[PDB]
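Reviewing the structure listed below.
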Number of protein chains: 4
Amino acid sequence: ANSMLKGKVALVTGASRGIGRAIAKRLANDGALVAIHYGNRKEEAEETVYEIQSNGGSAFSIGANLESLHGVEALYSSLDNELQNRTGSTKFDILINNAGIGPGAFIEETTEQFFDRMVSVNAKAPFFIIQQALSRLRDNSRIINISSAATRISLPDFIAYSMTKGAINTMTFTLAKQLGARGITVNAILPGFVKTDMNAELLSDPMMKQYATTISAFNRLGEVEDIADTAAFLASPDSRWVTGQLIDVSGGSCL
Amino acid sequence: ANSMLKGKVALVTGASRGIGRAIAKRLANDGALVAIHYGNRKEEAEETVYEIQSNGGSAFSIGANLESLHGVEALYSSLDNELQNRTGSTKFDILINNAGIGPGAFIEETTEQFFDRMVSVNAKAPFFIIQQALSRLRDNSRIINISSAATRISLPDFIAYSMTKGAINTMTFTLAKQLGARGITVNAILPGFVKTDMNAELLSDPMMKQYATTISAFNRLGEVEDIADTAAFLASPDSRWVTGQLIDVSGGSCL
Amino acid sequence: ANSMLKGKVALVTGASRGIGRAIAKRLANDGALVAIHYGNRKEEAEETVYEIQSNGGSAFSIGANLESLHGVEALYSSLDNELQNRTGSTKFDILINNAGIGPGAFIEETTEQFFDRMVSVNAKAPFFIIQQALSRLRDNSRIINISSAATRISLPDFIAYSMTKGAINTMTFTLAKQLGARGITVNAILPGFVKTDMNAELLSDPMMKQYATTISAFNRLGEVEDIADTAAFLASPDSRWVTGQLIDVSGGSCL
Amino acid sequence: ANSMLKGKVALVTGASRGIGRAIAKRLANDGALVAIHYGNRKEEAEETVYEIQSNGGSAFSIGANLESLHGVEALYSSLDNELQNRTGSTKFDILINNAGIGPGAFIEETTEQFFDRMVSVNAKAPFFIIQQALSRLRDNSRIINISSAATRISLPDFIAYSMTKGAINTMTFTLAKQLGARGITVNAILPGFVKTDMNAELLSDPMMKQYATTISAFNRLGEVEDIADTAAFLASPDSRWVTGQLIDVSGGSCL
Ligand SMILES: NC(=O)c1ccc[n+]([C@@H]2O[C@H](COP(=O)([O-])OP(=O)(O)OC[C@H]3O[C@@H](n4cnc5c(N)ncnc54)[C@H](OP(=O)(O)O)[C@@H]3O)[C@@H](O)[C@H]2O)c1
Ligand SMILES: NC(=O)c1ccc[n+]([C@@H]2O[C@H](COP(=O)([O-])OP(=O)(O)OC[C@H]3O[C@@H](n4cnc5c(N)ncnc54)[C@H](OP(=O)(O)O)[C@@H]3O)[C@@H](O)[C@H]2O)c1
Ligand SMILES: NC(=O)c1ccc[n+]([C@@H]2O[C@H](COP(=O)([O-])OP(=O)(O)OC[C@H]3O[C@@H](n4cnc5c(N)ncnc54)[C@H](OP(=O)(O)O)[C@@H]3O)[C@@H](O)[C@H]2O)c1
Ligand SMILES: NC(=O)c1ccc[n+]([C@@H]2O[C@H](COP(=O)([O-])OP(=O)(O)OC[C@H]3O[C@@H](n4cnc5c(N)ncnc54)[C@H](OP(=O)(O)O)[C@@H]3O)[C@@H](O)[C@H]2O)c1
Ligand SMILES: [Cl-]
Ligand SMILES: [Cl-]
Ligand SMILES: [Cl-]
Ligand SMILES: [Cl-]
Ligand SMILES: [Cl-]
Ligand SMILES: [Cl-]
Ligand SMILES: [Cl-]
Ligand SMILES: [Cl-]
């Protein structure tokens with residue numbers, strides 16, 4: 001545990017498991033008060049909180065289903081209540097847009113319903129979460145969006161997913177120019193394959209694993225800690241001169 | 001006289017005016033049969049048809065409202081009927097996804113309805129237009145998506161628009177890998193500022209004019225023919241070894 | 001044969017064989033007077049000329065060893081003499097920087113001598129060829145540099161070669177901004193593997209072939225015509241709004 | 001207090017002043033033993049050493065003229081001697097290729113000597129510095145190449161300089177694939193305008209100042225610490241999953 005982020009308040013969406021959980025634990029380890037958002041798995045969120053507290057950090061869990069904007073509004077209603085109680089204001093410093101879905105389909109298999117849901121959760125929700133954060137973020141804050149190396153490496157069997165993450169990349173680079181006036185940086189992290197349960201079944205196939213492992217310059221799968229450790233830098237004061245950037249965190253996958 | 005596209009059949013979406021109309025004229029000049037799609041009133045499209053025919057070319061118009069997928073269905077029902085009678089086949093060769101909208105709003109001004117409409121028209125429609133095209137495209141066909149230089153140059157005042165075009169960019173590179181098995185290429189053209197009747201209000205302010213003029217390395221506004229002339233290469237057999245590419249056609253804007 | 005480039009004069013470096021020969025034949029086919037430069041293989045250059053003339057075009061061969069700037073100076077002394085005789089001036093319209101070398105070495109195997117030679121031929125010579133072309137090129141001319149997809153796809157066994165082509169890419173994008181004032185476009189073509197004798201021995205190994213073939217979205221090796229057909233567009237008036245761009249002509253290799 | 005680099009050994013080239021000196025101070029602050037290389041007179045480097053030591057850190061200086069490969073040889077002969085006595089080993093952990101020059105010239109002003117010197121100092125030297133480093137670098141080491149935003153933003157008035165930095169960019173991405181087998185990462189930092197005593201003449205013109213200031217999304221000139229603070233992340237164990245990347249550290253210049 002250290003004090004790099006002492007005095008700072010972070011919201012991490014989708015922090016009940018996987019990458020978001022790792023990110024949340026790393027930020028709390030560095031001294032931040034962390035809001036652990038969950039979509040519906042409350043007890044997993046509570047576990048993330050428990051782990052943070054066990055290691056001397058401060059965190060709390062709040063739910064919101066982000067599949068509609070009424071969910072975004074709910075996120076901020078709860079965040080406001082908890083932060084007001086704990087800190088005397090509804091202000092915060094670090095926003096991690098991590099929550100997302102990623103089911104596969106080729107273009108010929110993609111239905112309207114599937115497409116619309118991918119957009120609602122992965123592109124629309126982060127945009128509206130940022131929109132509502134603007135009144136709450138302090139100057140010199142940090143916005144980090146979790147994208148995907150699928151925006152750099154062609155995966156036609158995930159085409160709708162890739163498109164939503166392409167929208168996130170353009171959103172990042174575009175907003176960075178406006179929000180730099182307030183000192184707020186906006187960056188994206190593009191993970192490669194990372195052992196989590198968005199891909200537990202996909203990676204269960206040994207062919208798929210071999211492909212996933214060997215594409216990295218380091219000949220291993222990524223771990224949640226690999227992503228969290230880069231997010232910690234982007235969340236910190238040290239990264240003040242890096243904005244609008246799409247940082248690959250794939251272990252040099254497909255160089 | 002160019003006969004590069006003799007025997008070819010092309011569909012250009014949103015081709016009543018502006019860039020779409022110019023692409024339609026150019027493709028027809030090169031020998032293609034051109035379906036000129038329009039979203040509302042036929043009169044503009046019918047006048048383009050008359051102009052093409054007066055210059056010795058072949059074209060017809062088809063109306064469909066692409067604000068919903070029902071319009072995509074109607075587009076293809078009409079196209080199938082027209083092509084079967086005109087050519088003995090429902091198959092075609094060249095798909096130009098030009099149809100789109102581009103109103104402005106900063107993130108803080110962007111409503112849910114505004115955002116959903118941008119996605120529906122600019123990302124969802126081209127996606128399902130391609131989906132339905134695949135059973136009709138011949139091998140060695142060409143798909144050209146009209147994107148925007150706004151995906152390379154930050155325009156916060158058009159943020160939802162930019163996001164939609166970034167989604168198109170990712171779709172373009174992703175699908176190219178899949179469709180190469182059929183010799184089909186998929187590319188995007190990224191225009192900068194182009195003079196139309198439609199853009200001529202944003203372009204009325206002489207300050208904005210000066211910015212848009214001198215951003216180009218050639219120090220002039222783009223013209224619809226500048227775009228159409230690059231689309232002609234991408235639609236031709238000569239571009240066979242170029243796929244998945246985002247081709248800037250901005251007169252070297254902001255290099 | 002056509003007249004797209006009627007009245008235009010082109011110089012193609014390294015046109016005695018391979019890609020440069022293909023480019024030269026395509027430009028002459030479109031009506032250009034083509035200067036066929038060769039390093040030392042005069043009879044192969046004469047064959048390129050013979051082939052062009054057989055198909056109704058106009059061309060001539062001139063030698064210059066580009067391994068030193070005295071070679072560049074010699075190139076232009078001969079070009080000036082021949083063009084003055086044939087046209088009444090030393091002006092021209094299209095410059096193709098194609099000539100180059102590409103032997104392999106990992107970083108640990110690269111000597112100072114090897115490195116220096118790669119730079120002299122592949123980076124320095126094209127820069128100085130362009131420098132000397134500036135007094136000779138008309139307004140609205142075209143500069144096309146042949147680079148390599150090795151600038152996008154990591155090939156550590158060709159590291160010095162890749163670095164020289166990276167320098168070419170930056171040179172292209174940078175000069176485009178200055179030369180746009182005269183209407184002159186500057187672009188690069190990045191080929192993938194193409195069956196020529198820069199890689200005849202490398203591809204003779206069936207393992208290397210399989211890799212070279214299957215990385216393309218089209219599951220074939222590139223042909224010299226694939227490169228020439230893209231160069232014809234970049235050389236033409238149709239490409240006036242495309243400048244500073246690095247155009248992949250690899251058949252969607254490694255998307 | 002940061003102890004991120006405790007036990008680590010770093011070499012920073014051209015670290016008498018400017019960015020190199022700032023990186024050296026920061027790395028030493030984080031616990032690294034720092035070799036501070038200088039190209040001419042020792043006094044600047046020795047003063048940095050004194051400053052680091054006064055703040056509790058460990059460092060020493062080594063002189064070598066990197067305008068030739070003989071200087072690279074001399075660098076490593078001195079470094080081997082120093083490290084063996086200081087640490088019991090010739091091995092080290094962190095290589096920062098910062099040494100370079102950056103005089104301006106348009107293409108039409110660029111002499112052969114000017115061009116050759118730029119290559120020798122900016123591309124050839126870092127290449128052979130890495131070559132000689134590989135036998136000395138431990139597994140899980142870090143190589144960080146200081147490049148330039150001029151590879152993303154066209155500066156025709158620095159064209160040879162830009163070309164040299166594009167060569168460094170390509171080398172960075174290419175080598176990352178090779179070196180991942182040893183857990184070694186290779187990345188580049190691309191600064192924008194940074195305030196030094198060295199840049200302060202180009203920056204004296206208030207017109208140029210205004211351009212360089214407002215090009216950033218943060219509307220201020222870069223500072224040496226802005227660069228050093230990102231280098232600290234790339235030098236650390238936390239950046240293990242980031243390799244082959246060109247990280248813009250320009251305060252979001254020209255987004
Ligand atoms: N793992 C990879 O290989 C990989 C690669 C590239 C990018 N990524 C990206 O990394 C991020 C996290 O991925 P992950 O692998 O850690 O995912 P994961 O293990 O599936 O966890 C997803 C998280 O998102 C939340 N979430 C999902 N749908 C939601 C909804 N509709 N409303 C609110 N919250 C919702 C979940 O909350 P509940 O627990 O309540 O369901 C959960 O905390 C995503 O943006 C993903 O695209 C992952
Ligand atoms: N103009 C520029 O500077 C610029 C720059 C970058 C990108 N672009 C892109 O280029 C494309 C067109 O450029 P433009 O400026 O020439 O277009 P435009 O002049 O604005 O005309 C738009 C065309 O798209 C059709 N359209 C719009 N919404 C539609 C809908 N909902 N359903 C069906 N059709 C619809 C219209 O058909 P109707 O005639 O029936 O309305 C019209 O012909 C767009 O994708 C645009 O984003 C333009
Ligand atoms: N083929 C590929 O797979 C591939 C892939 C990517 C990029 N490229 C690029 O495409 C371009 C042409 O390649 P290629 O495969 O066609 O090469 P090639 O078959 O080896 O032909 C090279 C040409 O360059 C000329 N040349 C070589 N060294 C020279 C020198 N020192 N001075 C003057 N001229 C010299 C040669 O003239 P002489 O005949 O007199 O020797 C010859 O005409 C090069 O820039 C290359 O890097 C090729
Ligand atoms: N400053 C900027 O705005 C900017 C922007 C983009 C990139 N960069 C890059 O960042 C690096 C340094 O930036 P800077 O402006 O802080 O540097 P600087 O202030 O110009 O100082 C240059 C340093 O490099 C060393 N050096 C120069 N030529 C050398 C040679 N031939 N042999 C050995 N050492 C040599 C010098 O050592 P001595 O003290 O012994 O001379 C000096 O410490 C360069 O690679 C530069 O291109 C800077
Ligand atoms: Cl987990
Ligand atoms: Cl707590
Ligand atoms: Cl118009
Ligand atoms: Cl009609
Ligand atoms: Cl040949
Ligand atoms: Cl002749
Ligand atoms: Cl300084
Ligand atoms: Cl010392």
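Within each chain, counting starts at residue 1; across the structure tokens, chains are named A, B, ... in the order shown, with ligands numbered 1 upward in that order.
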Practice prompt. Identify every residue of chain C that has at least one atom within 7 Å of any atom of chain B, counting only C-alpha atoms, and report the result as a PyMOL selection string.
Written response: chain C and resi 173+177+180-181+183+217-218+226+229-230+233+238-239+241-244+248-252+255
Worksheet item: as a PyMOL selection string, which residues of stretch 155-188 of chain A does DSSP assign to strand (DSSP E)?
Response: chain A and resi 185-188
Since we have the selection now, will you write its residues out, keeping C-alpha atoms, as a PDB file, in the first residue's frame?
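What ended up in selection-v4.pdb:
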```pdb
ATOM      1  CA  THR A 185      -6.714  13.649 -19.213  1.00  0.00           C
ATOM      2  CA  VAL A 186      -8.636  11.059 -21.251  1.00  0.00           C
ATOM      3  CA  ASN A 187      -6.965   7.844 -22.342  1.00  0.00           C
ATOM      4  CA  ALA A 188      -7.837   4.296 -23.267  1.00  0.00           C
TER       5      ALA A 188
END
```
Practice prompt. Could I get the residue neighbourhood of ligand 4 at 8 Å, counting only C-alpha atoms and all ligand atoms, as a PyMOL selection string?
Written response: chain D and resi 13-21+37-42+44-45+63-67+97-102+121-122+146-150+161+165+190-199+222+224
Please extract the residues at most 8 Å from ligand 12, counting only C-alpha atoms and all ligand atoms, and provide them as a compact mmCIF listing (two decimals) with C-alpha atoms, in the first residue's frame, using the chain letters and residue numbers of this document.
```
# COMPACT_ATOMS: atom_id res chain seq x y z
CA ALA D 45 26.69 15.94 -15.63
CA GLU D 46 28.83 16.17 -12.47
CA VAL D 49 25.35 13.84 -9.93
CA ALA D 59 24.62 8.23 -9.73
CA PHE D 60 27.88 8.74 -11.66
CA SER D 61 28.87 10.29 -14.97
CA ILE D 62 30.56 8.79 -18.08
```
Excluding stretch 82-87 of chain D and its own-chain neighbours fewer than 6 positions away, which residues fall within 12 Å of it when counting only C-alpha atoms? Please give them as a short mmCIF file (atom, residue, chain, number, x, y, z; two decimals) with C-alpha atoms, in the first residue's frame.
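In the end it all went to around-v6.cif:
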```cif
data_model
loop_
_atom_site.label_atom_id
_atom_site.label_comp_id
_atom_site.auth_asym_id
_atom_site.auth_seq_id
_atom_site.Cartn_x
_atom_site.Cartn_y
_atom_site.Cartn_z
CA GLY D 7 18.19 -2.46 -6.91
CA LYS D 8 17.93 -1.34 -10.57
CA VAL D 9 20.70 0.04 -12.74
CA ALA D 10 20.05 2.53 -15.50
CA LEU D 11 21.99 4.20 -18.29
CA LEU D 33 21.70 3.57 -9.73
CA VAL D 34 22.04 6.00 -12.64
CA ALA D 35 24.87 6.26 -15.17
CA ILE D 36 24.68 9.81 -16.56
CA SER D 58 23.11 7.18 -6.39
CA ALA D 59 24.62 8.23 -9.73
CA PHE D 60 27.88 8.74 -11.66
CA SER D 61 28.87 10.29 -14.97
CA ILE D 62 30.56 8.79 -18.08
CA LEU D 75 30.78 4.20 -23.57
CA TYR D 76 30.54 0.49 -22.86
CA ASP D 93 18.29 -3.04 -16.23
CA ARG D 136 24.45 -6.69 -20.66
#
```
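The Cα RMSD between chain B and chain A, which share one sequence, comes to 0.6 Å after optimal superposition of the latter on the former.
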Fill in: Residue set, stretch 90-247 of chain B restricted to helix (DSSP H, G or I), as a PyMOL selection string
chain B and resi 107-109+112-133+149-151+159-182+206-214+224-234+237-239
